[PDB]
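Values below: every heavy atom of this structure, side chains too, minus hydrogens, waters and symmetry copies. Lettering of chains follows the sequences in order, A, B, ..., and the numbering in each one begins at 1.
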Protein chains: 2
Amino acid sequence: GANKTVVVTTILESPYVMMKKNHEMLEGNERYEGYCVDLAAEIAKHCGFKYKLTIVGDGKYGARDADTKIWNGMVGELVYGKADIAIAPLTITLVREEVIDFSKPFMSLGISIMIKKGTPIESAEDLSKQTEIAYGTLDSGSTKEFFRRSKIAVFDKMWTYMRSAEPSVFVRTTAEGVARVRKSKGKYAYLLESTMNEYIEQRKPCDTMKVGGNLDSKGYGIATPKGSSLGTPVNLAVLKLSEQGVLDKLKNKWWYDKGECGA
Amino acid sequence: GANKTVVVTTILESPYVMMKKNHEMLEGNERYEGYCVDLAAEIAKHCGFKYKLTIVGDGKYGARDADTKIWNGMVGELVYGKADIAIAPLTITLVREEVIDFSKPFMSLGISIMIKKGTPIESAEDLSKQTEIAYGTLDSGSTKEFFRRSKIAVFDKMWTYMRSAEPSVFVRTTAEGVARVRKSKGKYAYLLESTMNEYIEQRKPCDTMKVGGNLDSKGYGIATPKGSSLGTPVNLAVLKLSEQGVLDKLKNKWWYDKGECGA
Ligand SMILES: CC(C)S(=O)(=O)NC[C@@H](C)c1ccc(-n2cc(CO)c(C(F)(F)F)n2)cc1
Ligand SMILES: N[C@@H](CCC(=O)O)C(=O)O
Ligand SMILES: N[C@@H](CCC(=O)O)C(=O)O
């Protein structure tokens with residue numbers, strides 16, 4: 001039919017979407033800033049639609065409950081028609097690509113290790129061969145699923161430890177996992193996406209480090225309900241923005257230019 | 001209808017598709033080896049189709065002639081229905097994504113600089129600020145198009161030089177550009193994709209080097225004619241292979257394990 005204001009689902013995750021400090025003075029899309037706030041503005045311009053940013057109610061990326069088969073998070077908001085598009089650091093996975101459409105990826109990432117500086121760990125293999133330092137992942141996301149499914153020996157060894165560890169090694173939010181690394185005196189390491197890991201390393205108090213190579217190679221995509229009319233224009237817009245240098249400019253804006261830990 | 005043997009278009013490009021040395025003893029798909037030979041076998045298995053590898057007649061990736069609007073290369077083979085699928089290091093671009101379907105990317109790359117070891121160049125900026133050392137790209141591909149379209153100052157400066165340079169800085173095949181770097185005593189630098197650059201650096205005579213960071217961020221996709229029934233199963237297969245670790249294993253097989261220049 002006639003063009004309608006598009007409901008965008010997204011998630012509070014630095015530096016993608018962040019509440020402006022004075023947000024209670026502000027209304028609508030003006031409450032928020034970040035890489036995905038900027039990317040939403042670009043996508044909507046290039047597709048000629050009006051839109052409203054909404055933070056996912058349950059604060060989750062998206063996983064399907066094994067008993068109910070109900071999708072939660074941003075994936076769930078698309079699946080049940082509560083949002084028209086998800087513009088967020090939402091990982092392209094086979095289990096999701098089957099229930100939602102994903103654009104070509106707008107950013108690459110791989111799973112990585114965050115340590116408190118000085119922690120005697122340089123790799124996933126190192127983590128797996130010891131017990132002094134606990135380690136975990138975010139709940140309700142692609143990292144946790146990577147470990148759960150992995151048939152690779154070292155990651156399977158890691159998963160077997162993590163699923164049964166006490167107290168729990170899993171966290172609800174990235175901020176929580178970061179707080180735990182910062183406050184555990186080197187006795188907790190966090191497995192999170194390289195992109196997030198990199199942003200945090202350049203933020204005060206400058207007490208974390210990314211170590212080792214990435215565990216996998218993947219991407220974030222703009223997601224739409226399966227068969228949405230938005231899917232095609234959205235994908236073309238991501239490719240156009242890539243080719244125009246805009247994605248690179250936005251990455252520099254929200255990563256390099258936001259660096260607080262020196263050169 | 002009933003399932004038919006799929007015609008695969010591909011291109012002789014190391015280490016993706018390479019003639020086996022004894023190929024005149026061999027027939028059909030057995031003539032060829034490489035990353036994309038292996039990837040084709042995996043894709044066809046996961047999609048349950050039989051297939052025939054064919055080398056693109058004109059030896060080109062795909063560009064559209066500005067006067068005729070006729071597509072050449074592997075893109076042209078898809079557009080005119082001479083091939084059912086292209087399984088090759090074929091770059092996802094907006095001009096192509098509009099005439100063919102691309103899978104989610106199976107490998108990432110960026111444009112990069114190849115020099116003869118000892119060449120006093122470390123970046124694109126360095127190349128642009130001098131004239132002693134000539135530099136160019138492959139014809140009929142995404143690298144040449146990147147420079148031609150770029151609105152970025154340094155790349156526009158590079159393009160202005162390259163388009164008018166004499167003798168021509170452009171080459172028909174990657175092997176030709178590599179030969180020119182090797183035989184020009186440091187007076188020619190070649191702009192090519194990081195993936196290819198990396199493979200060549202680890203091959204005898206070990207006389208080239210990749211320098212500087214990548215100029216862009218993009219990917220190779222499996223391409224199909226627009227609206228092909230193969231598009232969906234092919235994409236799911238790429239995601240499944242990614243998640244299974246197969247793409248990483250194949251990268252190690254054809255890059256790291258093929259290294260001839262030491263550690
Ligand atoms: C035209 C650009 C917008 S594009 O689409 O290339 N995307 C732009 C860039 C940043 C990108 C490239 C490849 C990937 N990627 C995803 C996967 C797995 O899905 C893999 C691999 F190869 F490691 F398996 N790479 C993710 C992101
Ligand atoms: N980007 C991930 C969330 C972060 C993580 O799982 O580490 C997802 O889409 O589920
Ligand atoms: N992968 C490129 C060819 C190599 C290049 O242009 O450097 C393409 O699809 O056109």
Which one, B:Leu247, B:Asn235, B:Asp216, leads in non-hydrogen pairs under 4.5 Å with chain A? B:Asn235
Main chain of A:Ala223, side chain of A:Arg96: is a donor-acceptor contact present, judged purely on distance under 3.5 Å? no
Could you check B:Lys258 against B:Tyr35 for side-chain contact (heavy atoms from CB on, under 4.5 Å), going step by step and ending with a plain yes or no? CA-CA 11 Å; B:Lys258 294 227 72 174; B:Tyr35 175 100; over 6 Å; no
Region of B:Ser108 that comes under 4.5 Å of a non-hydrogen atom in chain A: neither
Drop me the distance from A:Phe155's CZ to A:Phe146's CZ, to the nearest 0.5 angstrom. 4.5 Å
Under 3.5 Å donor-acceptor, B:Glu77 side chain and B:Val56 backbone: no
So that I know where these two stand, are A:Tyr135 and A:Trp159 an aromatic pair - ring centroids less than 6.0 Å apart? no
Side chain, backbone, both or neither: which part of A:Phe102 has a non-hydrogen atom closer than 4.5 Å to chain B? both
Using the rule side chain to side chain contact (heavy atoms under 4.5 Å, CB included), only one of A:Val99, A:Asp84, A:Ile100, A:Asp101 pairs with A:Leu78; which is it? A:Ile100
Quick check on A:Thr93 against chain B: is it the side chain, the backbone, both or neither that has a heavy atom closer than 4.5 Å? both
Contact origin within B:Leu94 toward chain A - heavy atom pairs under 4.5 Å: both
Checking heavy atoms, do the side chain of A:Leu236, its backbone, both or neither come under 4.5 Å from chain B? both
For A:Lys240, which atoms come within 4.5 Å of any heavy atom of chain B: side chain, backbone, both, or neither? both
At a 4.5 Å cut-off on heavy atoms, which part of A:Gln244 comes close to chain B: side chain, backbone, both, or neither? neither
